[PDB]
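Asks: One file: entry-v3.cif (mmCIF, C-alpha atoms and all ligand atoms).
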```
data_model
#
loop_
_atom_site.label_atom_id
_atom_site.label_comp_id
_atom_site.auth_asym_id
_atom_site.auth_seq_id
_atom_site.Cartn_x
_atom_site.Cartn_y
_atom_site.Cartn_z
CA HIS E 4 233.34 -106.84 10.16
CA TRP E 5 233.00 -107.58 13.91
CA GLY E 6 235.89 -107.28 16.33
CA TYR E 7 236.71 -105.60 19.59
CA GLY E 8 237.30 -101.87 18.62
CA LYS E 9 235.21 -98.60 19.16
CA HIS E 10 233.62 -99.11 15.86
CA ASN E 11 233.02 -102.83 15.68
CA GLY E 12 233.24 -104.10 19.30
CA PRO E 13 230.66 -105.79 21.49
CA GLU E 14 228.16 -102.94 21.68
CA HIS E 15 227.86 -103.09 17.87
CA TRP E 16 227.42 -106.85 17.40
CA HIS E 17 223.61 -106.81 17.78
CA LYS E 18 223.24 -105.06 14.30
CA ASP E 19 224.65 -108.13 12.47
CA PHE E 20 223.65 -110.74 15.15
CA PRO E 21 220.35 -109.68 16.80
CA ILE E 22 220.48 -112.63 19.28
CA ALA E 23 223.18 -110.49 20.98
CA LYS E 24 220.13 -109.08 22.94
CA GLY E 25 218.70 -112.61 23.50
CA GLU E 26 217.46 -114.45 26.54
CA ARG E 27 220.53 -116.62 27.37
CA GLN E 28 223.62 -114.59 26.36
CA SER E 29 227.12 -115.02 27.83
CA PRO E 30 229.26 -114.14 29.64
CA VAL E 31 227.58 -113.12 32.90
CA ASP E 32 228.62 -111.88 36.33
CA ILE E 33 228.60 -114.84 38.82
CA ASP E 34 227.07 -113.52 41.99
CA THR E 35 228.54 -116.10 44.41
CA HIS E 36 226.04 -115.37 47.21
CA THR E 37 223.00 -115.95 44.97
CA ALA E 38 224.27 -119.04 43.10
CA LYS E 39 222.22 -122.00 44.31
CA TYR E 40 224.12 -125.04 45.66
CA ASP E 41 222.70 -128.12 43.89
CA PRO E 42 223.67 -131.26 45.87
CA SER E 43 222.40 -133.38 42.92
CA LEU E 44 225.15 -131.95 40.57
CA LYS E 45 227.78 -134.65 39.84
CA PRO E 46 231.57 -134.25 39.85
CA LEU E 47 232.79 -133.06 36.48
CA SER E 48 234.52 -135.88 34.45
CA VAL E 49 237.47 -134.50 32.45
CA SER E 50 239.06 -137.26 30.39
CA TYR E 51 241.96 -135.76 28.54
CA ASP E 52 244.55 -138.68 28.66
CA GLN E 53 244.17 -139.47 24.94
CA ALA E 54 244.01 -135.89 23.60
CA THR E 55 245.50 -135.27 20.16
CA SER E 56 246.37 -131.62 19.62
CA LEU E 57 247.04 -130.82 15.94
CA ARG E 58 247.56 -127.14 15.22
CA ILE E 59 247.57 -123.64 16.64
CA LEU E 60 245.87 -120.84 14.65
CA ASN E 61 245.69 -116.98 14.89
CA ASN E 62 242.12 -116.44 13.65
CA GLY E 63 242.18 -112.67 13.99
CA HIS E 64 240.14 -112.66 17.28
CA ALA E 65 242.19 -115.04 19.47
CA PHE E 66 244.41 -118.09 18.96
CA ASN E 67 242.93 -121.61 18.87
CA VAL E 68 244.69 -124.80 19.80
CA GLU E 69 242.79 -127.44 17.78
CA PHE E 70 242.33 -131.11 18.55
CA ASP E 71 241.41 -134.23 16.55
CA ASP E 72 237.70 -134.67 17.50
CA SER E 73 237.03 -137.53 15.04
CA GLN E 74 237.01 -140.08 17.94
CA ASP E 75 236.27 -139.99 21.71
CA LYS E 76 239.76 -139.01 22.81
CA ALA E 77 239.45 -135.89 25.00
CA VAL E 78 235.92 -135.74 26.47
CA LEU E 79 233.92 -133.92 29.06
CA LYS E 80 230.91 -135.52 30.76
CA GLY E 81 229.19 -135.71 34.15
CA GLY E 82 228.87 -132.48 36.03
CA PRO E 83 225.50 -130.98 34.80
CA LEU E 84 225.78 -132.78 31.47
CA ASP E 85 223.77 -135.60 30.06
CA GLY E 86 225.90 -137.02 27.42
CA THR E 87 229.47 -136.98 26.16
CA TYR E 88 231.12 -133.88 24.75
CA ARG E 89 234.36 -133.97 22.65
CA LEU E 90 237.07 -131.37 22.93
CA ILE E 91 237.50 -129.50 19.57
CA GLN E 92 239.65 -126.50 20.56
CA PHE E 93 240.68 -124.16 23.32
CA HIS E 94 241.46 -120.43 23.29
CA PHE E 95 241.74 -117.49 25.72
CA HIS E 96 240.42 -113.99 26.17
CA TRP E 97 242.75 -111.45 27.81
CA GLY E 98 243.24 -107.78 28.62
CA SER E 99 245.60 -104.90 27.80
CA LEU E 100 246.27 -104.72 31.61
CA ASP E 101 246.35 -107.37 34.39
CA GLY E 102 243.15 -105.86 35.93
CA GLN E 103 240.85 -106.97 33.06
CA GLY E 104 240.56 -109.62 30.40
CA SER E 105 238.12 -112.27 31.71
CA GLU E 106 234.61 -112.62 30.14
CA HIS E 107 232.83 -114.05 33.17
CA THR E 108 233.28 -112.07 36.38
CA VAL E 109 232.91 -113.29 40.03
CA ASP E 110 231.16 -110.76 42.34
CA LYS E 111 232.16 -108.19 39.63
CA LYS E 112 235.89 -109.20 39.90
CA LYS E 113 237.66 -109.31 36.50
CA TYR E 114 240.58 -111.75 36.07
CA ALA E 115 243.55 -111.19 33.78
CA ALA E 116 242.36 -113.75 31.22
CA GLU E 117 239.94 -116.68 30.81
CA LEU E 118 240.55 -120.01 29.12
CA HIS E 119 237.68 -121.66 27.15
CA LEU E 120 237.89 -125.44 26.47
CA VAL E 121 235.21 -125.97 23.82
CA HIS E 122 233.41 -129.31 23.52
CA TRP E 123 230.51 -130.51 21.32
CA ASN E 124 227.81 -133.04 22.11
CA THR E 125 228.48 -136.29 20.30
CA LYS E 127 224.72 -136.92 19.81
CA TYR E 128 224.87 -134.22 17.03
CA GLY E 129 227.74 -135.80 15.04
CA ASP E 130 229.87 -132.66 14.48
CA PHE E 131 230.49 -129.15 15.79
CA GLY E 132 228.60 -127.39 13.01
CA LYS E 133 225.44 -129.32 13.71
CA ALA E 134 225.89 -129.06 17.48
CA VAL E 135 225.92 -125.23 17.53
CA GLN E 136 222.34 -125.26 16.17
CA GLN E 137 221.08 -127.09 19.27
CA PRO E 138 220.27 -125.73 22.76
CA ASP E 139 222.49 -128.42 24.43
CA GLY E 140 225.10 -128.56 21.56
CA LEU E 141 228.20 -127.31 23.35
CA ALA E 142 229.79 -127.52 26.80
CA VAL E 143 232.49 -124.98 27.49
CA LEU E 144 234.78 -125.38 30.48
CA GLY E 145 235.85 -121.86 31.52
CA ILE E 146 238.98 -121.33 33.74
CA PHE E 147 240.14 -117.92 35.11
CA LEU E 148 243.79 -116.88 34.88
CA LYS E 149 245.38 -114.59 37.52
CA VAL E 150 248.93 -113.25 37.28
CA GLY E 151 251.40 -114.64 39.87
CA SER E 152 253.65 -117.74 39.50
CA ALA E 153 254.12 -119.24 36.02
CA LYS E 154 251.95 -122.11 34.74
CA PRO E 155 254.59 -124.56 33.40
CA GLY E 156 251.96 -126.39 31.32
CA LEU E 157 251.18 -123.11 29.44
CA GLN E 158 254.78 -122.43 28.37
CA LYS E 159 254.66 -124.60 25.17
CA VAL E 160 251.70 -122.46 23.99
CA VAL E 161 253.45 -119.14 24.84
CA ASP E 162 256.65 -120.17 23.05
CA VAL E 163 255.00 -120.79 19.66
CA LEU E 164 253.08 -117.47 19.60
CA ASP E 165 255.74 -115.58 17.76
CA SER E 166 255.24 -118.03 14.82
CA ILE E 167 251.54 -117.09 14.57
CA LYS E 168 251.76 -113.35 15.22
CA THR E 169 249.22 -112.23 12.61
CA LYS E 170 245.70 -113.16 11.42
CA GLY E 171 245.59 -116.40 9.39
CA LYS E 172 248.92 -117.81 10.49
CA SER E 173 249.03 -121.40 11.82
CA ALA E 174 251.67 -123.84 13.11
CA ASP E 175 251.85 -127.58 13.80
CA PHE E 176 251.12 -128.06 17.48
CA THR E 177 251.20 -131.78 18.35
CA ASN E 178 251.55 -133.58 21.63
CA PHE E 179 250.21 -130.68 23.75
CA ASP E 180 248.54 -131.98 26.95
CA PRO E 181 245.65 -129.75 28.06
CA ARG E 182 245.69 -131.40 31.57
CA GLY E 183 248.63 -128.96 32.25
CA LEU E 184 246.10 -126.04 32.20
CA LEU E 185 243.65 -127.34 34.88
CA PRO E 186 243.60 -126.15 38.53
CA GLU E 187 243.60 -128.62 41.43
CA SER E 188 239.88 -128.35 42.21
CA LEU E 189 237.05 -129.11 39.70
CA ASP E 190 234.40 -127.25 41.83
CA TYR E 191 232.28 -125.23 39.36
CA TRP E 192 229.35 -122.97 38.63
CA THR E 193 227.05 -123.79 35.76
CA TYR E 194 224.32 -122.03 33.71
CA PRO E 195 222.81 -122.09 30.21
CA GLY E 196 224.29 -119.46 27.82
CA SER E 197 225.77 -118.71 24.43
CA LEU E 198 228.96 -118.32 22.41
CA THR E 199 230.64 -115.12 23.60
CA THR E 200 231.67 -114.21 20.03
CA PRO E 201 229.48 -113.84 16.92
CA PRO E 202 227.38 -115.68 15.85
CA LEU E 203 226.45 -115.59 19.64
CA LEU E 204 224.42 -118.85 19.28
CA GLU E 205 222.50 -119.97 22.37
CA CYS E 206 223.89 -123.49 22.39
CA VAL E 207 226.24 -123.58 25.41
CA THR E 208 226.16 -125.23 28.82
CA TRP E 209 228.75 -123.13 30.65
CA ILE E 210 230.83 -124.78 33.36
CA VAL E 211 233.09 -122.20 35.07
CA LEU E 212 235.68 -123.48 37.54
CA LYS E 213 235.86 -121.68 40.93
CA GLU E 214 239.64 -122.03 41.27
CA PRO E 215 241.75 -119.85 38.92
CA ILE E 216 245.13 -120.95 37.56
CA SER E 217 248.18 -118.70 38.00
CA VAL E 218 250.28 -117.59 35.03
CA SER E 219 253.30 -115.28 35.10
CA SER E 220 253.37 -111.65 33.99
CA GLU E 221 255.83 -112.74 31.21
CA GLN E 222 253.41 -115.44 29.94
CA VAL E 223 250.44 -113.00 29.65
CA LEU E 224 252.77 -110.35 28.16
CA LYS E 225 253.47 -112.73 25.31
CA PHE E 226 249.71 -113.04 24.59
CA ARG E 227 249.63 -109.22 24.25
CA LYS E 228 252.26 -109.26 21.48
CA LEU E 229 249.95 -111.06 19.11
CA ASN E 230 248.17 -109.08 16.37
CA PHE E 231 244.53 -108.85 15.27
CA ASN E 232 245.71 -107.71 11.78
CA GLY E 233 247.18 -109.85 8.96
CA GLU E 234 250.87 -109.65 7.91
CA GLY E 235 251.72 -106.49 5.99
CA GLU E 236 248.83 -104.59 7.61
CA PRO E 237 249.15 -101.93 10.24
CA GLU E 238 249.83 -103.41 13.71
CA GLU E 239 246.84 -103.64 16.08
CA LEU E 240 247.84 -105.52 19.26
CA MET E 241 245.49 -108.42 20.07
CA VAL E 242 244.37 -107.21 23.57
CA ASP E 243 240.95 -106.76 25.24
CA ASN E 244 239.31 -109.47 23.09
CA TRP E 245 236.64 -110.05 25.78
CA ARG E 246 232.87 -109.48 25.74
CA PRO E 247 231.55 -107.80 28.95
CA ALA E 248 228.96 -109.41 31.28
CA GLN E 249 225.42 -109.63 29.78
CA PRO E 250 222.05 -109.54 31.61
CA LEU E 251 221.30 -112.75 33.49
CA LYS E 252 217.54 -112.42 32.66
CA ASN E 253 215.52 -115.44 33.58
CA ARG E 254 218.41 -117.74 34.62
CA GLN E 255 219.77 -119.30 37.89
CA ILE E 256 223.48 -120.04 38.26
CA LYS E 257 224.01 -123.38 40.09
CA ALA E 258 227.09 -124.26 42.26
CA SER E 259 228.54 -127.75 42.63
CA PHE E 260 229.94 -126.77 46.05
CA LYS E 261 229.28 -125.31 49.50
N1 LIG J 301 234.21 -117.81 23.30
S1 LIG J 301 233.37 -119.21 23.31
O1 LIG J 301 231.91 -118.94 23.62
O2 LIG J 301 234.08 -120.25 24.13
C1 LIG J 301 233.41 -119.86 21.58
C2 LIG J 301 234.14 -119.20 20.66
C3 LIG J 301 234.24 -119.71 19.31
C4 LIG J 301 235.08 -118.91 18.24
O3 LIG J 301 235.36 -117.71 18.46
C5 LIG J 301 235.64 -119.78 17.05
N2 LIG J 301 236.21 -119.17 15.81
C6 LIG J 301 237.32 -119.54 14.97
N3 LIG J 301 237.42 -118.67 13.98
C7 LIG J 301 236.36 -117.73 14.18
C8 LIG J 301 235.99 -116.58 13.38
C9 LIG J 301 234.92 -115.88 13.82
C10 LIG J 301 234.14 -116.26 15.06
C11 LIG J 301 234.51 -117.32 15.76
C12 LIG J 301 235.66 -118.05 15.26
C13 LIG J 301 233.65 -120.92 19.04
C14 LIG J 301 232.91 -121.63 20.03
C15 LIG J 301 232.83 -121.13 21.28
CL1 LIG J 301 231.93 -121.95 22.47
ZN ZN J 302 235.90 -117.93 24.34
#
```
Represent the structure of the file as structure tokens.
Replies:
Amino acid sequence: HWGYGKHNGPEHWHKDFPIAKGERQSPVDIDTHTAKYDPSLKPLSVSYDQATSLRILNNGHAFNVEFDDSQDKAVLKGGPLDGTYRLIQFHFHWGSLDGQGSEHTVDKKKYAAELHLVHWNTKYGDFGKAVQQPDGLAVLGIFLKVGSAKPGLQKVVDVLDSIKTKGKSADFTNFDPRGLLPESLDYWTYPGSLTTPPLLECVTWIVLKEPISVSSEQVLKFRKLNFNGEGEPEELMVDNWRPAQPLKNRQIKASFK
């Protein structure tokens, strides 16, 4: 039922998923002046050398690039985290226009898109069990601005036409997610939730300060995807972002400055 339209978009989600009005929902606006520098935060450890991508899927809300997470091959740890989190998938949120599309905002600035690298805590054995825990997931969020192309994104853009509609998938091996990271790993961090239903409050968010650049042609190709299935009327997959939610009783911490 849920999606991103007038009739089933974010302002409606709370009727099926009441935690939508919960105490630690995401995304949020990152007020850079009020984020607290925490000199005890560690450098983030991103260990993606052995990543095994498997498949790319149009799930009707975004596209997911999925990884083999049955061994410690692409892991996140350090930063604010206590254990080891395994990469399971990444996906993006983007706009119908370059001036919107990100979920998190920075001093109310919206980026053109936002990449989410989703990882689950190995102490819970699998993703489905991890999402039921308050420290189950760690999502590395990276902003995209439009400018020069991101060469490491082009393999993803080029397969999109093979997964245009809801439920399509394609083999997607040997994709290296290191090609999507900016130079700096400086970040903000706070406790939050999935940004899509079921909106579970299981995520440590780690949002990088430095955006990556992608070209206008690369983001245009995202906008040609479809939320509908094949043989259904065409609804362009655009504006699949949830707006900023109340910060409530939380403090955003900065690893820098
Ligand atoms: N947007 S996000 O908070 O990074 C996040 C998003 C998701 C998904 O959207 C995964 N996902 C894959 N098929 C789906 C069908 C309905 C809802 C979610 C679905 C799963 C985990 C995380 Cl952490
Ligand atoms: Zn997401």
Asks: Enumerate residues in contact with ligand ZN 302 (chain J): an atom-to-atom distance of at most 10 Å, counting all atoms listed in the file. Format the result as a PyMOL selection string.
Replies: chain E and resi 29-30+64-65+67+93-96+105-106+117-121+143-145+198-200+244-246
Asks: Considering all atoms listed in the file, can you say which of E:80, E:254, E:127, E:154 comes closest to residue 48 (chain E)?
Replies: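 Of E:80, E:254, E:127, E:154, the one nearest residue 48 (chain E) is E:80, counting all atoms listed in the file.
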Asks: Which residues are close to residue 173 (chain E), i.e. within 8 Å by all atoms listed in the file, leaving aside same-chain residues fewer than 5 positions away? Reply as a PDB file with C-alpha atoms, in the coordinates of the input.
Replies:
```pdb
ATOM      1  CA  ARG E  58     247.560-127.140  15.220  1.00  0.00           C
ATOM      2  CA  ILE E  59     247.570-123.640  16.640  1.00  0.00           C
ATOM      3  CA  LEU E  60     245.870-120.840  14.650  1.00  0.00           C
ATOM      4  CA  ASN E  61     245.690-116.980  14.890  1.00  0.00           C
ATOM      5  CA  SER E 166     255.240-118.030  14.820  1.00  0.00           C
ATOM      6  CA  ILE E 167     251.540-117.090  14.570  1.00  0.00           C
TER       7      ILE E 167
END
```
Asks: Where's the centre, and what are the edge lengths in Å to one decimal, of a box along x, y and z enclosing all listed atoms of region 215-220 of chain E padded 3 Å per side, as AutoDock Vina command-line options?
Replies:
```
--center_x 247.6 --center_y -116.3 --center_z 36.5 --size_x 17.6 --size_y 15.3 --size_z 10.9
```
Asks: Taking 2 positions as the minimum chain separation for residues in the same chain, which residues sit within 10 Å of residue 78 (chain E) when counting all atoms listed in the file? Answer as a short mmCIF file (atom, residue, chain, number, x, y, z; two decimals) with C-alpha atoms, keeping the file's coordinate frame.
Replies:
```cif
data_model
loop_
_atom_site.label_atom_id
_atom_site.label_comp_id
_atom_site.auth_asym_id
_atom_site.auth_seq_id
_atom_site.Cartn_x
_atom_site.Cartn_y
_atom_site.Cartn_z
CA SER E 48 234.52 -135.88 34.45
CA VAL E 49 237.47 -134.50 32.45
CA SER E 50 239.06 -137.26 30.39
CA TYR E 51 241.96 -135.76 28.54
CA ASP E 52 244.55 -138.68 28.66
CA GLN E 53 244.17 -139.47 24.94
CA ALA E 54 244.01 -135.89 23.60
CA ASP E 72 237.70 -134.67 17.50
CA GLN E 74 237.01 -140.08 17.94
CA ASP E 75 236.27 -139.99 21.71
CA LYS E 76 239.76 -139.01 22.81
CA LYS E 80 230.91 -135.52 30.76
CA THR E 87 229.47 -136.98 26.16
CA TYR E 88 231.12 -133.88 24.75
CA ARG E 89 234.36 -133.97 22.65
CA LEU E 90 237.07 -131.37 22.93
CA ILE E 91 237.50 -129.50 19.57
CA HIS E 122 233.41 -129.31 23.52
CA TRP E 123 230.51 -130.51 21.32
CA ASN E 124 227.81 -133.04 22.11
CA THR E 125 228.48 -136.29 20.30
#
```
Asks: Excluding residue 151 (chain E) and residues on its chain fewer than 2 positions from it, collect all residues at most 10 Å away from it, counting only C-alpha atoms, and give them as a count of residues only.
Replies: 10
Asks: Just the number, please: distance in Å from atom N3 of ligand LIG 301 (chain J) to CA of residue 115 (chain E), one decimal.
Replies: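 Value for the atom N3 of ligand LIG 301 (chain J)-CA of residue 115 (chain E) distance: 22.0 Å.
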Asks: Find the residue from E:62, E:28, E:222, E:43 that sits nearest to ligand LIG 301 (chain J); use only C-alpha atoms and all ligand atoms when measuring.
Replies: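 Closest residue, counting only C-alpha atoms and all ligand atoms: E:62.
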Asks: Skip residue 185 (chain E) itself and residues of its chain fewer than 3 positions away, then list as a PyMOL selection string all residues within 8 Å of it, counting only C-alpha atoms.
Replies: chain E and resi 146+181-182+216
Asks: Can you pull out the residues contacting region 208-211 of chain E? Cut-off 9 Å, using only C-alpha atoms, and skip same-chain residues under 2 positions away; I want them as a CSV table (one decimal) with C-alpha atoms, keeping the file's coordinate frame.
Replies:
```csv
chain,number,residue,atom,x,y,z
E,29,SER,CA,227.1,-115.0,27.8
E,82,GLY,CA,228.9,-132.5,36.0
E,83,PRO,CA,225.5,-131.0,34.8
E,84,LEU,CA,225.8,-132.8,31.5
E,107,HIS,CA,232.8,-114.0,33.2
E,138,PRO,CA,220.3,-125.7,22.8
E,139,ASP,CA,222.5,-128.4,24.4
E,140,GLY,CA,225.1,-128.6,21.6
E,141,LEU,CA,228.2,-127.3,23.4
E,142,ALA,CA,229.8,-127.5,26.8
E,143,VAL,CA,232.5,-125.0,27.5
E,144,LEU,CA,234.8,-125.4,30.5
E,145,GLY,CA,235.8,-121.9,31.5
E,146,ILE,CA,239.0,-121.3,33.7
E,147,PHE,CA,240.1,-117.9,35.1
E,190,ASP,CA,234.4,-127.2,41.8
E,191,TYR,CA,232.3,-125.2,39.4
E,192,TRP,CA,229.4,-123.0,38.6
E,193,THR,CA,227.0,-123.8,35.8
E,194,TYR,CA,224.3,-122.0,33.7
E,195,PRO,CA,222.8,-122.1,30.2
E,196,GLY,CA,224.3,-119.5,27.8
E,197,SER,CA,225.8,-118.7,24.4
E,206,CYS,CA,223.9,-123.5,22.4
E,213,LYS,CA,235.9,-121.7,40.9
```
Asks: Mind giving me the straight-line distance from CA of residue 11 (chain E) to CA of residue 233 (chain E) in Å, one decimal?
Replies: 17.2 Å
Asks: Rounded to one decimal in Å, what is the spacing between atom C15 of ligand LIG 301 (chain J) and CA of residue 70 (chain E)?
Replies: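 A separation of 14.0 Å between them.
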Asks: Identify the residues within 9 Å of coordinate (225.9, -115.2, 39.0) (same frame as the file), considering only C-alpha atoms, and give the answer as a PDB file with C-alpha atoms, keeping the file's coordinate frame.
Replies:
```
ATOM      1  CA  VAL E  31     227.580-113.120  32.900  1.00  0.00           C
ATOM      2  CA  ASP E  32     228.620-111.880  36.330  1.00  0.00           C
ATOM      3  CA  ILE E  33     228.600-114.840  38.820  1.00  0.00           C
ATOM      4  CA  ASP E  34     227.070-113.520  41.990  1.00  0.00           C
ATOM      5  CA  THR E  35     228.540-116.100  44.410  1.00  0.00           C
ATOM      6  CA  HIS E  36     226.040-115.370  47.210  1.00  0.00           C
ATOM      7  CA  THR E  37     223.000-115.950  44.970  1.00  0.00           C
ATOM      8  CA  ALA E  38     224.270-119.040  43.100  1.00  0.00           C
ATOM      9  CA  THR E 108     233.280-112.070  36.380  1.00  0.00           C
ATOM     10  CA  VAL E 109     232.910-113.290  40.030  1.00  0.00           C
ATOM     11  CA  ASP E 110     231.160-110.760  42.340  1.00  0.00           C
ATOM     12  CA  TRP E 192     229.350-122.970  38.630  1.00  0.00           C
ATOM     13  CA  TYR E 194     224.320-122.030  33.710  1.00  0.00           C
ATOM     14  CA  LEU E 251     221.300-112.750  33.490  1.00  0.00           C
ATOM     15  CA  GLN E 255     219.770-119.300  37.890  1.00  0.00           C
ATOM     16  CA  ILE E 256     223.480-120.040  38.260  1.00  0.00           C
ATOM     17  CA  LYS E 257     224.010-123.380  40.090  1.00  0.00           C
TER      18      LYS E 257
END
```
Asks: Give the answer as one residue: which of E:242, E:204, E:249, E:66 has the shortest atom-to-atom distance to residue 132 (chain E), using all atoms listed in the file?
Replies: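 Going through E:242, E:204, E:249, E:66 one by one, the smallest distance to residue 132 (chain E) is for E:204.
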Asks: So, counting all atoms listed in the file, which residue among E:180, E:156, E:236, E:39 is closest to residue 77 (chain E)?
Replies: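 Counting all atoms listed in the file, the residue closest to residue 77 (chain E) is E:180.
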Asks: Have a look at E:69, E:101, E:26, E:14 and name the one nearest to ligand LIG 301 (chain J); count only C-alpha atoms and all ligand atoms.
Replies: E:69
Asks: Rank E:81, E:247, E:201, E:183 by their smallest atom-to-atom distance to ligand LIG 301 (chain J), using all atoms listed in the file, and report the top residue only.
Replies: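 Among the listed residues, the smallest separation from ligand LIG 301 (chain J) belongs to E:201.
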Asks: For region 58-69 of chain E, supply N, CA, C and O atoms and report the output as a PDB file, in the coordinates of the input.
Replies:
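Below is the file that was written, rebuild_20.pdb:
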```
ATOM      1  N   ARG E  58     247.177-128.386  15.852  1.00  0.00           N
ATOM      2  CA  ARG E  58     247.560-127.140  15.220  1.00  0.00           C
ATOM      3  C   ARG E  58     247.195-125.992  16.144  1.00  0.00           C
ATOM      4  O   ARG E  58     246.297-126.115  16.963  1.00  0.00           O
ATOM      5  N   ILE E  59     247.900-124.884  15.946  1.00  0.00           N
ATOM      6  CA  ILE E  59     247.570-123.640  16.640  1.00  0.00           C
ATOM      7  C   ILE E  59     247.370-122.583  15.541  1.00  0.00           C
ATOM      8  O   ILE E  59     248.202-122.495  14.565  1.00  0.00           O
ATOM      9  N   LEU E  60     246.299-121.761  15.700  1.00  0.00           N
ATOM     10  CA  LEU E  60     245.870-120.840  14.650  1.00  0.00           C
ATOM     11  C   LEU E  60     245.579-119.444  15.258  1.00  0.00           C
ATOM     12  O   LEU E  60     244.843-119.406  16.245  1.00  0.00           O
ATOM     13  N   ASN E  61     246.089-118.364  14.636  1.00  0.00           N
ATOM     14  CA  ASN E  61     245.690-116.980  14.890  1.00  0.00           C
ATOM     15  C   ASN E  61     244.502-116.685  13.950  1.00  0.00           C
ATOM     16  O   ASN E  61     244.663-116.603  12.736  1.00  0.00           O
ATOM     17  N   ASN E  62     243.292-116.595  14.522  1.00  0.00           N
ATOM     18  CA  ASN E  62     242.120-116.440  13.650  1.00  0.00           C
ATOM     19  C   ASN E  62     241.672-114.982  13.521  1.00  0.00           C
ATOM     20  O   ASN E  62     240.571-114.666  12.960  1.00  0.00           O
ATOM     21  N   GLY E  63     242.493-114.057  14.028  1.00  0.00           N
ATOM     22  CA  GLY E  63     242.180-112.670  13.990  1.00  0.00           C
ATOM     23  C   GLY E  63     241.383-112.131  15.186  1.00  0.00           C
ATOM     24  O   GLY E  63     241.224-110.921  15.295  1.00  0.00           O
ATOM     25  N   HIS E  64     240.894-113.027  16.058  1.00  0.00           N
ATOM     26  CA  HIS E  64     240.140-112.660  17.280  1.00  0.00           C
ATOM     27  C   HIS E  64     240.799-113.218  18.542  1.00  0.00           C
ATOM     28  O   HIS E  64     240.686-112.606  19.616  1.00  0.00           O
ATOM     29  N   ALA E  65     241.472-114.369  18.400  1.00  0.00           N
ATOM     30  CA  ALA E  65     242.190-115.040  19.470  1.00  0.00           C
ATOM     31  C   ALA E  65     243.127-116.049  18.783  1.00  0.00           C
ATOM     32  O   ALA E  65     243.299-116.007  17.521  1.00  0.00           O
ATOM     33  N   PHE E  66     243.767-116.892  19.582  1.00  0.00           N
ATOM     34  CA  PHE E  66     244.410-118.090  18.960  1.00  0.00           C
ATOM     35  C   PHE E  66     243.708-119.336  19.452  1.00  0.00           C
ATOM     36  O   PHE E  66     243.328-119.447  20.649  1.00  0.00           O
ATOM     37  N   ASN E  67     243.528-120.298  18.537  1.00  0.00           N
ATOM     38  CA  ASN E  67     242.930-121.610  18.870  1.00  0.00           C
ATOM     39  C   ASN E  67     243.943-122.716  18.828  1.00  0.00           C
ATOM     40  O   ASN E  67     244.649-122.842  17.827  1.00  0.00           O
ATOM     41  N   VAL E  68     243.952-123.529  19.859  1.00  0.00           N
ATOM     42  CA  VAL E  68     244.690-124.800  19.800  1.00  0.00           C
ATOM     43  C   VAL E  68     243.633-125.874  19.465  1.00  0.00           C
ATOM     44  O   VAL E  68     242.667-126.087  20.255  1.00  0.00           O
ATOM     45  N   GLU E  69     243.818-126.556  18.331  1.00  0.00           N
ATOM     46  CA  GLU E  69     242.790-127.440  17.780  1.00  0.00           C
ATOM     47  C   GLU E  69     243.191-128.863  18.041  1.00  0.00           C
ATOM     48  O   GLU E  69     244.395-129.168  18.001  1.00  0.00           O
TER      49      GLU E  69
END
```
